[PDB]
Structures are given as C-alpha cells and as structure tokens.
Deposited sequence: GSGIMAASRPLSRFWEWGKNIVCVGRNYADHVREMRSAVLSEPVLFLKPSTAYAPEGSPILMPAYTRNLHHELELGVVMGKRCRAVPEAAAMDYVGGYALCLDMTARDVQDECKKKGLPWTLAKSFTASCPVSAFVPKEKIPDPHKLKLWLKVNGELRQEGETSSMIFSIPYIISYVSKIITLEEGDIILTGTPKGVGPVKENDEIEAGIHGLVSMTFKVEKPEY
C-alpha cells in the first residue's frame, strides 16, 4: 500500500535502545502501537511513570534482507517522527528480572507518529534537528548528527537479524531530556523545517 499512510498497513516496528550520549539493542512494538496524529497517547493502567522519547523513524521503501551499509539507503522510502512511549517503572523491573520489555515498550498507542516525510525531502537524515514540548515548554532537543550508530548501519544490522518488509519502521533512539507525562498532558514535537505533530495523553475508554 502507499507509504503516505504506512502506519495503516505496515506490519512491524523495530526500535533501537540507546543511540545518543558496541552493537545496537533492538526491541519490537506491534503495529497497533501506531497512533497517527488525531489519535491519543494511551496510558496503560499498570504504570505510574510514562516517559516520552523523541525519535526519528526510518520507513522501509522496499523489502530489506541482510543488506550492506552502502546499499541500505536504497531500501529507505522515507521517515517519520515518533515517540517511543515508555513505561519507565516497568522497564526498570524488566532489566532487573531478565524479563522481556513488552509491557514497558510495546503497548497500544506506544508509537505516536507524524506524517510521512518522503526521503527526497531529507538529503541527509544525520543533519536533522528534533524537538519536543510538554504543555508548551521545551523538554527534548537533539541533533541526529550526534547519533552513535548511523542509520545505514542500523538498517544493515537489523536486516541481518530480521528481514524488514516495505512499510516497516525503525526507531533510531532518543536524545537527552526524556521525562514523565500524566493524564491530559499535551506533547508537541517536530523536525525543524520539515514536520510537526500534536498528541494528547489520555486514559483508555474500557
């Protein structure tokens, strides 16, 4: 289907652990973690500390299996700005117990996502500037130039472990200033000169 609405039909979401200040740590979100603009961030009932993580997402334009770094950028279709919503308290316990990160990282609406930005609009994804506000006040700022692992290497690396389909996305890590959000909070985020997006923290209607 069309990359401009890739969150509607894309199957997989792969997320790098730390990529800002030896190999990347990888974890997954289900497709239902996607919350496109106009849809709320949903707070799980089991957390009392949900954090925002501002991240550049790389959307795969064709099927990508064990590709070398230099070819990796041919498999990219575009990009989207994401929040890797994280139940931080659950994560701390998972690290402690050797448990999978699912409840901390992989719940419904745990990946809010901007409009699709075609790769023609971004000649270099390592020269972008990211930002995020909670209730109008600046909280996360990062430059993608300060990423530890480059996007070509991240694509190559995960493609050698997990084949990526067209429409799959890779979240490439968060810069500094990660912190909490509560019910009714509003998160505004963007890439300077390219895209912006608004989201509202909300409880489920169960």
item	value
Sequence ranges without modelled C-alpha atoms (deposited numbering)	1-8, 30-40
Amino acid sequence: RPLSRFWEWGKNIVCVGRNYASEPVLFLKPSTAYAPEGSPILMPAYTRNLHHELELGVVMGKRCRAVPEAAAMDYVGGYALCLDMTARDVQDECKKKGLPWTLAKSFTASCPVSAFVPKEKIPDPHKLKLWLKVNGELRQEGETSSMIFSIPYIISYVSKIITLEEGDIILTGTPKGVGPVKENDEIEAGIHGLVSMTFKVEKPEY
From here on, numbers count along this sequence of modelled residues.
{"query": "Greater mean Cα temperature factor according to the PDB record, 132-140 or 85-93", "finding": "132-140"}
{"query": "Which of 38-46 and 167-175 has higher mean CA B factor, as the PDB entry lists it", "finding": "38-46"}
{"query": "Ranked C-alpha temperature factor of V117 among modelled chain residues, by third", "finding": "middle"}
{"query": "Cα B factor band for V16 (lowest, middle or highest third within the chain)", "finding": "highest"}
{"query": "CA B-factor placement of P100, once the chain's modelled residues are sorted into thirds", "finding": "lowest"}
